[PDB]
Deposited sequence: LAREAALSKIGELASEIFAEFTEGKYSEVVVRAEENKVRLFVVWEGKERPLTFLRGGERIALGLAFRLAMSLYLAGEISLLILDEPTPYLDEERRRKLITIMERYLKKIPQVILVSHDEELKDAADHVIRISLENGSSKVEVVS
């Protein structure tokens, strides 16, 4: 089946990236004809078992997998506030993904409302409404 071959390839790419994003806690991502499942301790589990930061890692791992699958490489990546809700766990995971993986990408444009992420970035600007108009401040 052509469909099966595609979902299979995407799953392989997603597995490698997710395993990297979770320090090997999860060995693979399984794509069922389309539902996703993760492997932990040799068993496929539903996504309902993932904690906050792991959900962010999985969603991004899958997007990155699709990117590689379709373009063959990643030059530019634009994350337009893909995960606006950010608690302690989610934030730490995102910062981890930024400094260990995203910094390997030629160019990444990350839009967020979280000031704490600035330390894991190469260049930073802050935008704010001043007297009714957007004002840009170069921070780095």
**OP:** Please list, in sequence order, every stretch of the deposited sequence that lacks C-alpha coordinates.
**Re:** 34 to 37
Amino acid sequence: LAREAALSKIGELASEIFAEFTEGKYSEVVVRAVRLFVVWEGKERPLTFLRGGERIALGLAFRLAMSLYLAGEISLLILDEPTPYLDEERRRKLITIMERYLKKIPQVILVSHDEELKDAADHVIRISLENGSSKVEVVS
From here on, numbers count along this sequence of modelled residues.
Subject >> Which of 34 to 42 and 102 to 110 has higher mean CA B factor, as the PDB entry lists it >> reply: 34 to 42
Subject >> Given 84 to 92 and 69 to 77, the range whose Cα B-factors average higher in the PDB entry >> reply: 84 to 92
Subject >> Peak C-alpha temperature factor (PDB record), options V124, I127, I17, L117 >> reply: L117
Original post:
Within this chain, which third does the Cα B-factor at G24 fall in: lowest, middle or highest?
Top reply: highest
